[PDB]
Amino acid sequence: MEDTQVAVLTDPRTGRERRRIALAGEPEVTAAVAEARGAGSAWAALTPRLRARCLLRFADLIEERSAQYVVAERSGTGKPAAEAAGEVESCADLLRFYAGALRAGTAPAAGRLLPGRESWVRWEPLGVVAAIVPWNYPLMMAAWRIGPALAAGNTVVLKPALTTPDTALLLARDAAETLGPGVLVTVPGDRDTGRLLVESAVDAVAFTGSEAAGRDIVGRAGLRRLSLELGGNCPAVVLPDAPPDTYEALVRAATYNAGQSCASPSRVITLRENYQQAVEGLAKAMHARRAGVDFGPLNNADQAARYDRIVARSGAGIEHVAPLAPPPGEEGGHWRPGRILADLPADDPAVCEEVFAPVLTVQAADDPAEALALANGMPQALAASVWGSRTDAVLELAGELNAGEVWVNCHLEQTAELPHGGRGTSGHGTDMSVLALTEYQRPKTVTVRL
């Protein structure tokens, strides 16, 4: 029976049609998983040398076509040119990192561990990995999952978010040229496509997205290996001797990708002495950041309405709204301005919810110990920053914060070598660094009687 599900995608900067795309249903998901399964034996049988070379060519091909990736990434996100260009560079770098890391791995030392036996330990891939990724960093979130998965010798079915299939489709095209047909397969679709993929004949699921989706996936993934990266609600603890550029730096991080980052600063926590300085300093810095000029739109109409709802429900006694300046002809885009909210209770909706927009709340604590309690007082625990001059104060807080990343006098700065990953309700995945490879491979002990 002839049947095609269709999405008419729109540019978030303008609201106009940009792309009509067919969505994958059960037949396309089943076929994609079978294609990756069929490519698995030849891909896994490559030596590390040959596998690394393929991934290096993959990264160079992305780089060679970087202008095309930049346009594709911006079409569905509204990202500024400079942010998209940086993320294409970071994508290729991450692939190069794992290309090199897959040859440099270690295992428990081999030898005579049992009397009269020679033993060693080898690492082996899981098989087919499903990677399901959101719209906020389509290319980078794809790279975080497929990089280590492919490098560990798995094949991959990649399911991008409904509004941002574009770079995932280019990745599949360029992987076919450099890794081989079927090694990386992309299936565009909405949430239902993702659910079908989780129930398919894949060996593992690598998910990045909302907590509600994460909780649904846990149940329906069964005994498949599961890696979750969920929301953050990240604190920034600002001490009275914080450096002069603290407010500019925090506002720069909060308006990067229009504040649509898991690890963006959200909950600014000061002491009593610097509370009003921080509110005014953040308000002045944010006011210089104009939506439509200095950062992009929110991804879609649901995000903009959600922003509106949380702002309306907040009991903030102080509210500073930055300018809204959509370019000519872009009034139909999902533009929302920067906001600073202050004078609000510890359980305020703007504090407790992940706003996912350039909104900063400001709370005051009596002393560093209460600031730490506020910072660690949320169920999510992903990233954090500390701002201050005194080594003992900031490094002690850095050890105490419940987060996979703690920045001191900076925020939202990442590199392929250093891990990222949550606690609490943020999921327990590890992205970046050599530590990410372990999620996609399993050890085998071989013990030989002499």
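The numbering used is simple: start at 1 and walk along the sequence shown.
Of the two stretches examined, 212-220 and 96-104, the record assigns the greater average C-alpha temperature factor to 212-220. Across the two stretches, 55-63 and 385-393, the PDB entry reports the greater mean Cα temperature factor for 385-393.
For the set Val185, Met378, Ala130, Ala142, the maximum C-alpha B-factor listed in the entry falls on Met378. Within the group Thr77, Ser90, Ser314, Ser200, the record's highest C-alpha temperature factor is found at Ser314. Among the modelled residues of the chain, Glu417 sits in the lowest third by CA temperature factor in this PDB entry. Per the deposited record, the Cα B-factor of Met1 falls in the highest third when ranked against the other modelled residues of its chain.
Remark: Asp366 belongs to the highest third of its chain, ranked by C-alpha B-factor as recorded. Ranked by C-alpha B-factor against the other modelled residues of its chain, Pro27 falls in the highest third. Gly292: CA B factor lies in the highest third for its chain, per the PDB record.
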